[PDB]
Amino acid sequence: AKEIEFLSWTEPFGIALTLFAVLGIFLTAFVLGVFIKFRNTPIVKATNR
Amino acid sequence: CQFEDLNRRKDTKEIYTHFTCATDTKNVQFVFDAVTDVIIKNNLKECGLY
């Protein structure tokens, strides 16, 4: 039988990409949270909240 | 320093001080610059930036 070629989820390459995307999501969430907590400091308020 | 410490609205207003004499002739540019700065900061406040 012939072989099917595609970017699998369990391949050693796709796992790294998934982990990196998850890390990016986590970092964005952290930045959002730290802006939310320090809501009205002059540094945060200077940029359009 | 003693005369500038009598304000208690430091979070909202500001004070501009300039020593002058009967010979000093640069007062108009001080007034102009202070007014321009006051106008600029007033608009930032309305927009919420400052």
# chains A, B, ... in the order shown; residues from 1 in each chain; ligands from 1
call {"tool": "residues_around", "arguments": {"residues": "stretch 32-35 of chain B", "least_positions_apart": "3", "cutoff": "12 Å", "atoms": "only C-alpha atoms", "output": "VMD selection string"}}
result
chain B and resid 14 to 18 26 to 29 38 to 42
call {"tool": "interface_residues", "arguments": {"of": "chain A", "to": "chain B", "cutoff": "12 Å", "atoms": "only C-alpha atoms", "output": "list in words"}}
result
residues 40, 41, 42, 43, 44, 45, 46, 47, 48 and 49 of chain A
call {"tool": "atom_distance", "arguments": {"atom1": "atom CA of residue B:43", "atom2": "atom CA of residue B:12"}}
result
13.3 Å
call {"tool": "select_by_dssp", "arguments": {"residues": "chain A", "states": "helix (DSSP H, G or I)", "output": "ChimeraX atom specification"}}
result
/A:12-37,42-46
call {"tool": "write_last_selection", "arguments": {"atoms": "N, CA, C and O atoms", "output": "short mmCIF file (atom, residue, chain, number, x, y, z; two decimals), in the first residue's frame"}}
result
data_model
loop_
_atom_site.label_atom_id
_atom_site.label_comp_id
_atom_site.auth_asym_id
_atom_site.auth_seq_id
_atom_site.Cartn_x
_atom_site.Cartn_y
_atom_site.Cartn_z
N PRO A 12 7.31 14.43 15.85
CA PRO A 12 8.20 15.20 16.73
C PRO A 12 8.31 16.67 16.35
O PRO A 12 8.81 17.46 17.15
N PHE A 13 7.88 17.05 15.15
CA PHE A 13 7.96 18.44 14.71
C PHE A 13 6.73 19.25 15.10
O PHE A 13 6.86 20.40 15.52
N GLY A 14 5.53 18.68 14.96
CA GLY A 14 4.32 19.42 15.29
C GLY A 14 4.15 19.69 16.77
O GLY A 14 3.52 20.68 17.16
N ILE A 15 4.71 18.82 17.62
CA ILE A 15 4.61 19.01 19.06
C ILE A 15 5.31 20.30 19.48
O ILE A 15 4.80 21.06 20.31
N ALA A 16 6.49 20.56 18.91
CA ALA A 16 7.21 21.78 19.24
C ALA A 16 6.42 23.01 18.83
O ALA A 16 6.36 24.00 19.59
N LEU A 17 5.82 22.99 17.65
CA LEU A 17 5.02 24.12 17.20
C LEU A 17 3.81 24.35 18.10
O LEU A 17 3.48 25.49 18.44
N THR A 18 3.15 23.26 18.51
CA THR A 18 2.02 23.38 19.43
C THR A 18 2.46 24.00 20.75
O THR A 18 1.79 24.90 21.28
N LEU A 19 3.58 23.53 21.30
CA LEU A 19 4.08 24.06 22.56
C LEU A 19 4.43 25.54 22.44
O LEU A 19 4.15 26.33 23.35
N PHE A 20 5.04 25.93 21.32
CA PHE A 20 5.40 27.33 21.13
C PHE A 20 4.16 28.21 21.01
O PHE A 20 4.13 29.32 21.56
N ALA A 21 3.14 27.74 20.29
CA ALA A 21 1.90 28.51 20.21
C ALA A 21 1.24 28.66 21.57
O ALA A 21 0.73 29.73 21.92
N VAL A 22 1.24 27.58 22.37
CA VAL A 22 0.69 27.66 23.72
C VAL A 22 1.47 28.65 24.57
O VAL A 22 0.89 29.42 25.35
N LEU A 23 2.80 28.65 24.43
CA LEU A 23 3.62 29.61 25.16
C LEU A 23 3.29 31.04 24.77
O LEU A 23 3.23 31.93 25.62
N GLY A 24 3.09 31.28 23.47
CA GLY A 24 2.70 32.62 23.04
C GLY A 24 1.37 33.05 23.61
O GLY A 24 1.20 34.20 24.04
N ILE A 25 0.39 32.13 23.62
CA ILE A 25 -0.91 32.44 24.21
C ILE A 25 -0.76 32.78 25.69
O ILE A 25 -1.35 33.75 26.19
N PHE A 26 0.04 31.99 26.41
CA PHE A 26 0.25 32.24 27.84
C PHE A 26 0.92 33.60 28.08
O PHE A 26 0.54 34.33 29.00
N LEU A 27 1.91 33.94 27.26
CA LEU A 27 2.58 35.23 27.41
C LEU A 27 1.63 36.39 27.16
O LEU A 27 1.64 37.39 27.88
N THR A 28 0.79 36.27 26.12
CA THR A 28 -0.18 37.33 25.86
C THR A 28 -1.17 37.46 27.01
O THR A 28 -1.54 38.58 27.39
N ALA A 29 -1.60 36.33 27.57
CA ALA A 29 -2.50 36.38 28.72
C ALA A 29 -1.84 37.06 29.91
O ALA A 29 -2.48 37.84 30.62
N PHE A 30 -0.55 36.77 30.14
CA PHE A 30 0.17 37.41 31.24
C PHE A 30 0.27 38.92 31.04
O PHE A 30 0.08 39.69 31.99
N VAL A 31 0.56 39.36 29.81
CA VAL A 31 0.64 40.79 29.54
C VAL A 31 -0.72 41.45 29.76
O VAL A 31 -0.81 42.54 30.35
N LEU A 32 -1.79 40.81 29.29
CA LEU A 32 -3.12 41.35 29.49
C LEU A 32 -3.45 41.47 30.98
O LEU A 32 -3.97 42.49 31.43
N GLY A 33 -3.12 40.44 31.76
CA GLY A 33 -3.40 40.48 33.18
C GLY A 33 -2.61 41.56 33.90
O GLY A 33 -3.14 42.24 34.78
N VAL A 34 -1.34 41.73 33.54
CA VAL A 34 -0.52 42.73 34.23
C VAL A 34 -0.96 44.14 33.86
O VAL A 34 -0.86 45.06 34.68
N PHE A 35 -1.45 44.35 32.63
CA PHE A 35 -2.08 45.64 32.33
C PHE A 35 -3.37 45.83 33.12
O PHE A 35 -3.64 46.93 33.61
N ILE A 36 -4.18 44.78 33.25
CA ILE A 36 -5.46 44.92 33.94
C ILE A 36 -5.25 45.27 35.41
O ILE A 36 -5.94 46.13 35.97
N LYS A 37 -4.29 44.61 36.07
CA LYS A 37 -4.08 44.86 37.49
C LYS A 37 -3.53 46.27 37.73
O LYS A 37 -4.04 47.01 38.58
N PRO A 42 0.41 55.80 35.48
CA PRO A 42 0.64 56.71 34.35
C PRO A 42 1.23 56.03 33.13
O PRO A 42 0.90 56.42 32.00
N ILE A 43 2.08 55.02 33.31
CA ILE A 43 2.68 54.34 32.17
C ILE A 43 1.60 53.63 31.35
O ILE A 43 1.58 53.70 30.12
N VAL A 44 0.69 52.93 32.03
CA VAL A 44 -0.37 52.22 31.33
C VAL A 44 -1.36 53.19 30.71
O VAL A 44 -1.83 53.00 29.59
N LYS A 45 -1.69 54.26 31.43
CA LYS A 45 -2.70 55.19 30.93
C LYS A 45 -2.18 56.02 29.76
O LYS A 45 -2.97 56.42 28.89
N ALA A 46 -0.86 56.24 29.69
CA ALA A 46 -0.30 57.01 28.58
C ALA A 46 -0.59 56.34 27.23
O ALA A 46 -0.92 57.02 26.26
#
call {"tool": "atom_distance", "arguments": {"atom1": "atom CA of residue B:6", "atom2": "atom CA of residue B:25"}}
result
28.1 Å
call {"tool": "decode", "arguments": {"residues": "chain B", "atoms": "C-alpha atoms", "output": "mmCIF file, in the first residue's frame"}}
result
data_model
loop_
_atom_site.group_PDB
_atom_site.id
_atom_site.type_symbol
_atom_site.label_atom_id
_atom_site.label_comp_id
_atom_site.auth_asym_id
_atom_site.auth_seq_id
_atom_site.Cartn_x
_atom_site.Cartn_y
_atom_site.Cartn_z
ATOM 1 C CA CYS B 1 10.302 76.381 47.897
ATOM 2 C CA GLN B 2 8.334 77.803 50.837
ATOM 3 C CA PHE B 3 5.912 79.639 48.547
ATOM 4 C CA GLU B 4 5.426 76.616 46.262
ATOM 5 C CA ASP B 5 4.609 74.235 49.140
ATOM 6 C CA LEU B 6 1.309 75.975 49.963
ATOM 7 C CA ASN B 7 -0.579 74.045 47.271
ATOM 8 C CA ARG B 8 -2.314 70.772 48.066
ATOM 9 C CA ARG B 9 -3.823 70.043 44.622
ATOM 10 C CA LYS B 10 -0.521 68.694 43.275
ATOM 11 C CA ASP B 11 -2.328 65.879 41.436
ATOM 12 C CA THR B 12 -4.364 68.304 39.293
ATOM 13 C CA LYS B 13 -2.583 71.662 38.940
ATOM 14 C CA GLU B 14 1.004 72.828 38.609
ATOM 15 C CA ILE B 15 2.943 76.000 39.441
ATOM 16 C CA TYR B 16 5.366 77.873 37.161
ATOM 17 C CA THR B 17 7.913 80.140 38.860
ATOM 18 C CA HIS B 18 10.263 82.618 37.181
ATOM 19 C CA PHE B 19 12.409 85.185 38.983
ATOM 20 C CA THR B 20 12.108 88.596 37.336
ATOM 21 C CA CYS B 21 13.345 92.144 37.858
ATOM 22 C CA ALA B 22 12.635 95.618 36.485
ATOM 23 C CA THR B 23 15.186 94.921 33.719
ATOM 24 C CA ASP B 24 14.222 91.357 32.740
ATOM 25 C CA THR B 25 12.562 91.301 29.315
ATOM 26 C CA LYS B 26 11.861 87.586 28.691
ATOM 27 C CA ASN B 27 8.576 87.355 30.616
ATOM 28 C CA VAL B 28 6.321 87.142 27.553
ATOM 29 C CA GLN B 29 8.037 84.003 26.277
ATOM 30 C CA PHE B 30 7.697 82.410 29.730
ATOM 31 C CA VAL B 31 3.957 83.175 29.737
ATOM 32 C CA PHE B 32 3.591 81.889 26.165
ATOM 33 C CA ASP B 33 5.395 78.619 26.885
ATOM 34 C CA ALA B 34 3.537 78.042 30.163
ATOM 35 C CA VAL B 35 0.187 78.618 28.437
ATOM 36 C CA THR B 36 1.115 76.224 25.626
ATOM 37 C CA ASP B 37 2.142 73.543 28.134
ATOM 38 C CA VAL B 38 -1.074 74.024 30.123
ATOM 39 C CA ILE B 39 -3.168 73.677 26.954
ATOM 40 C CA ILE B 40 -1.337 70.520 25.859
ATOM 41 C CA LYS B 41 -1.726 68.824 29.226
ATOM 42 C CA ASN B 42 -5.380 69.833 29.415
ATOM 43 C CA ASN B 43 -6.102 68.034 26.147
ATOM 44 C CA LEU B 44 -4.273 64.853 27.140
ATOM 45 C CA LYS B 45 -6.506 64.788 30.258
ATOM 46 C CA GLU B 46 -9.721 65.026 28.256
ATOM 47 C CA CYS B 47 -8.605 62.205 25.993
ATOM 48 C CA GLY B 48 -7.794 60.133 29.057
ATOM 49 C CA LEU B 49 -4.117 59.718 28.157
ATOM 50 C CA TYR B 50 -2.765 61.614 31.216
#
